[PDB]
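Have a look below at one chain only, the form solved without 2-ethoxycarbonylbenzoic acid (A1D6Y), in structure tokens format.
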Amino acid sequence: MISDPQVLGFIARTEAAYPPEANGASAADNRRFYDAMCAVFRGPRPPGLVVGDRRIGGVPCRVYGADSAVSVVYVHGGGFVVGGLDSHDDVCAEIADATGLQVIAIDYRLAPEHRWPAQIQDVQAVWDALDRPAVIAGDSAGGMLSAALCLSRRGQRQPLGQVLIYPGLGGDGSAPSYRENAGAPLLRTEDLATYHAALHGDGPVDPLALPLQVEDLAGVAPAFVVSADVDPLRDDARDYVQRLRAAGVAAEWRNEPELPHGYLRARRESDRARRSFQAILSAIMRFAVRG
């Protein structure tokens, strides 16, 4: 059980912030509910930070901050169905403000209207148009996409690092967290299926859509992987770090006691979540400098 009252307060505010309405609630409605939920917690932009909206590799992006020698590509979460540039605007703006690195957020095509591999193709399109040193970072589904981008980009345009924030990485579901945290606040194991079904339909699953089931992970970017402890996806982070290290990749697992999935939104009201984002920023800075 979570016992931190600040986190309990954040959970209650999230649940109130998102009406259950799970009937005749299209992906379009879920998009409006998610954006409304994020707006509850969304922080302000730094006043002096330059922000531009434009297409990169043909994909709508938002660019935060002046051009820098190293960039950060941020891939937003939302189970491949929801989210966008506005839902994660404050996270991306705060990375740019804290590190002085230009941040590129990607508005990739969403499921179910666009099935896999549309999402990774859009991240690749942006990545390949950057042609510049960059760290890649993402939360939840965006962590998966960041990991899949790294798996596809092991050559000379390798990300300097991958910073994966409570990612889903296509674990097989047998790891302890899936049962331990099956009834976790904010994300139940059973919710993962709805986003799986929207992402792939029922045909074949592209193995690249399951980074943890990829047989050979060698040569991908070094990784900082942070998990919410009270989250069915927690042990995807543990397992991925274990596999990366086994494949010769420098990787660190940070687990966050008492925090649920989605806690980036709690950083303005939870010390644990605030400290987690502080460690995430340090990891981004670390990877950026080491390049």
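Residues that one form lacks are left out of the comparison. For clarity, a rigid core is taken as the largest C-alpha set superposing within 1.5 Å between two forms. Numbers for residues come from their place in the sequence shown, where the first is 1.
What comes next is about the form solved in complex with 2-ethoxycarbonylbenzoic acid (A1D6Y), which does not appear here.
Report yes if any heavy atom of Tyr34 sits within 4.5 Å of a heavy atom of 2-ethoxycarbonylbenzoic acid (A1D6Y) in the deposited bound form; otherwise report no. Answer yes; at least one heavy atom of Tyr34 falls within 4.5 Å of 2-ethoxycarbonylbenzoic acid (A1D6Y) in the deposited bound form.
Should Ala141 be counted as a contact of 2-ethoxycarbonylbenzoic acid (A1D6Y) in the deposited bound form, where contact means heavy atoms within 4.5 Å? Flag for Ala141 set to yes.
Interface membership of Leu192, 2-ethoxycarbonylbenzoic acid (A1D6Y) in the deposited bound form, 4.5 Å heavy atom rule: Output for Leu192 is yes: heavy atoms within 4.5 Å of 2-ethoxycarbonylbenzoic acid (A1D6Y).
Taking heavy atoms only, is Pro185 within 4.5 angstroms of 2-ethoxycarbonylbenzoic acid (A1D6Y) in the deposited bound form? Contact check for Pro185: no, nothing within 4.5 Å of 2-ethoxycarbonylbenzoic acid (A1D6Y) in the deposited bound form.
Note which of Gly79, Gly171, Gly161, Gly84 lies within 4.5 Å of 2-ethoxycarbonylbenzoic acid (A1D6Y) in the deposited bound form, where distance is taken over heavy atoms; exactly one does. That would be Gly79.
Choose from 113 to 121, 192 to 200, 93 to 101, 213 to 221 the stretch whose residues reach within 4.5 Å of 2-ethoxycarbonylbenzoic acid (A1D6Y) in the deposited bound form, heavy atoms counted. Selected stretch: 192 to 200.
Taking 2-ethoxycarbonylbenzoic acid (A1D6Y) in the deposited bound form, which residues along 6 to 23 bring a heavy atom to within 4.5 Å of it? Contacting residues: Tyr18, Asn23.
Core-aligned, is the CA shift for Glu21 between this form and the one not shown 2 angstroms or more? Yes, shifts by 2 Å or more.
Fit the two forms on the core and write out the ranges of at least 3 consecutive residues whose every CA moves by 2 Å or more between this form and the one not shown. The run that moves is 19 to 25, and no other.
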